[PDB]
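For this one, two forms of the same chain are given in structure tokens, first as structure 1 and then as structure 2.
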Structure 1
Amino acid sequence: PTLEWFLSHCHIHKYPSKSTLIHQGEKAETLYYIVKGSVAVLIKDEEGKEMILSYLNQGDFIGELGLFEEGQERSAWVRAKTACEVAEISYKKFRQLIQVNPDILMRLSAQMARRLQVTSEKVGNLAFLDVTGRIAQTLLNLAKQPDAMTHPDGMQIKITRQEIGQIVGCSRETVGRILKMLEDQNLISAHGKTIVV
């Protein structure tokens, strides 16, 4: 509703899966809102693998870290998980629309507050938990991340050892090793699709 008004100033572009919709290092001018799809925010090692900072789904804004100060660079990469419809407005336009109705600025700040909250958790987990525990937290969370199919006894997620590695911070084969251990303990069942039972 306030959303529809917002969306009316926006221009929906379509992006297929694997699209890198934002890239770290360019300048920020556009605030993006996910009409449809799921996206993955990433940062890349100083000459190497990348780590996934979070999945953002329909209803999230992307880009915003620029919005508040001029000449701001994009902080991370945002690649499409799935095919997405991205409603954009520019920042200038967003500012006018701020003054016209504060409620987008509120729902966006709410989003900002959550990302900080969960990323503070991620600093915590990177510092206090061992890889096994990180992989446990992650399957727990992924069964909660809105795209796990119900499993009569369990929740089923499609995920690759490589993706879990990139979330966690360890080799795809390290992930492998541990997923084998959690299967032997009758906690997890897997084959490209894993069930967090």
Structure 2
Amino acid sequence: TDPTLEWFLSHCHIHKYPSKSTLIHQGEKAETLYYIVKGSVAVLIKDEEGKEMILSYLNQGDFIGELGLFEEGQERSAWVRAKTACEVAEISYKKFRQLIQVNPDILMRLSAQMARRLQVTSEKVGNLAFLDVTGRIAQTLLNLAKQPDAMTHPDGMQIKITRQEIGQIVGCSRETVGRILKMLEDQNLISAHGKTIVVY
């Protein structure tokens, strides 16, 4: 076990969220912090007309809703949706702050995650500003081929994801994804036989 994590979790109250549930609504009052004990979620934002973009995938071990923690009166900056059934620990910002004074390590862990997320979203700004849709898709296929849920393949790496998701990640239609995925197969960069894609 991890003494610090277990120490922290003992000050939290756990709850469950079924797949497709919305844990955090954008615009909502930020006053609580979350910690994914089990499961995975998606962090989403939207344009004026319902188009959704996935900012990130968070998983077991990741903190959520930390952005309103250092300043009161702030609202949630995005929507968080359960991809799979989730077990989440929740604690008020007030209590977490008291825990910080007790052992700063817990904030160091939270901050490390914030730093990673900043690095990743910054690279996201890069892809959106410098690459055409073909480049973003190809870059996203390579990215996923490194994540944990990524498997090993005799011809490379295998991943499980739908065209809709790819679209929400790179900012394009599922049909555009479908067409681009095929063109990348003709370029012998990947192999698409189902929602499973083999990347070389």
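Numbers follow structure 1, counted from its first residue as 1. Take the two forms, find the largest set of C-alpha atoms that superpose within 1.5 Å, and that set is the rigid core.
Which number goes with the form deposited without the DNA?
Structure 2, which is the form deposited without the DNA, differs in this respect from structure 1.
Displaced residue between structures 1 and 2, judged on C-alpha after the rigid core is fitted, out of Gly66, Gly165, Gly37, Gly154 (threshold 2 Å or more):
C-alpha shift of at least 2 Å: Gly154.
Core superposed first: is there a CA shift of 2 Å or greater at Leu21 between structures 1 and 2?
For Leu21, whose C-alpha is compared between structures 1 and 2 after core superposition, the shift is less than 2 Å.
At a 2 Å cut-off on C-alpha positions, does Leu187 qualify as shifted between structures 1 and 2 after fitting the rigid core?
Yes, the C-alpha position differs by at least 2 Å between structures 1 and 2.
On a rigid core superposition, how far has the CA of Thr138 moved between structures 1 and 2, in Å, if you could check?
With the cores aligned, its C-alpha sits 1.2 Å away.
How much does the C-alpha of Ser120 shift between structures 1 and 2, in angstrom, given a rigid core superposition?
Its C-alpha moves by 0.4 Å once the cores are overlaid.
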